[PDB]
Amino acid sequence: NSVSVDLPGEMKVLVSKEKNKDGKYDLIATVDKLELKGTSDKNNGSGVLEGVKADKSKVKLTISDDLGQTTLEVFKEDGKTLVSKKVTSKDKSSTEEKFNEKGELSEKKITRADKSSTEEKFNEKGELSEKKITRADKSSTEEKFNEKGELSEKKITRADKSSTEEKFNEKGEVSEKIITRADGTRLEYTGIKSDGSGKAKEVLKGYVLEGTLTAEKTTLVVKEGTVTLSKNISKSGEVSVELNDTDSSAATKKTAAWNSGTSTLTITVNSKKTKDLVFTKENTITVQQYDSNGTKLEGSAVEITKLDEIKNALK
C-alpha cells in the first residue's frame, strides 16, 4: 500500500504507491506523537503534511522536492501566527526559531553537523538577552546581558564538567565568582572589591569552610580553642595547609608540617607525630593515626564528613 522514506530530521514519511481519488499520492508522517497528513502530485515523499495538536495549534511539515531539507512550522489556532520554525538539512545541521505573540523572534538556535550549537534569546526590544555556545566536545560558554546591553554574567563550563561563573557590576568588574570542579565541590567568592578583598567559602561534601579572599590569596580558617587551621589557595591554585596554636605548654601544644608532594598535613604533639590529615584530589579531607613511637601510620584513613570532625582532630 505504501513506501517508506527517510527524511533530514531523523524522521520518515510514508507515501502511497497508488494515486488517490483526486489523482494525487497520500502522505503520512508522525512527528512528536502527532500524525501529519497530506497529498502530493509526486511520489518521492516530498510535499506538505499538516496536523492539529489537541490544544488546537497547527503543524505544517514541508519536505523539499529533493528531500535534502525539511521545514516544520507550528502555528497558533488561526494557522497564521507562527510559534516556532525548525529547518533541518540531511547533513544534520539545523535552525530553530521561536516567536512571541507579536511575531518577533524571541529564541534562535543553530545546530552544526557536529552537534555543536549557538543559542540566542532576545528581550522585548529585540536585543540580545543571553547567548550560549556549546562546543563539539561538551564545553560551553554562556553570557547574560542586562537592559543596558552590558554583560551581567558569564559561565565557562568545560569538558570535564568544571566551571567558572562570574557576575559583573557597573564598572564591568567581577563582584562574584563561583568555581566548580569536576567532582562537584565549589569555591565561592562574594563581595569582591577593586583591591581584591571579598568573602571566600569552599563548599564540600557534608561541610563548608569559610574565610577571605585577598589579592594575595584565599584563606579558609577552622578554629578549635587555641588552635587555628588555615587552608590557603594561591594565585596559581595550589593548596597549602597551616596550623597555629596559641598554646605555650609543651606536653600539649600542637605543631604541624605540610608536604606539598603528598598534600598531607602531619601534626606533632610533644615531639611525636600524632596523625596525618590528607586533603585529597577528590577535595575531601581524611585523618589517620600513627603508632606509639610516631614512626608509622596505622589502621585506615577515615574521611571527614562534617566540620565538627575537623575541630575534634585539632583538640
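Throughout, we count residues from 1 along the sequence that is shown.
Looking at mean Cα B-factors across 68 to 76 and 142 to 150, the upper value is held by 142 to 150. Per the PDB record, of the two stretches 247 to 255 and 35 to 43, 247 to 255 carries the greater mean B-factor over its C-alpha atoms.
Residue-level inspection of the entry shows that, of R112, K102, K109, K85, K102 has the top Cα B-factor.
Comparing the listed residues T62, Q288, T30, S263, the entry records the largest Cα B-factor for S263.
Per-chain ranking of the deposited C-alpha B factor places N20 in the lowest third.
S2: CA B factor in the middle third of modelled residues in this chain (values from the PDB entry). Among the modelled residues of its chain, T219 has a C-alpha B-factor that falls in the middle third, as given in the PDB entry. Compared with the other modelled residues of the chain, the Cα B-factor recorded for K155 ranks in the middle third.
Per the PDB record, residue ranking by Cα B-factor puts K90 in the lowest third of the chain.
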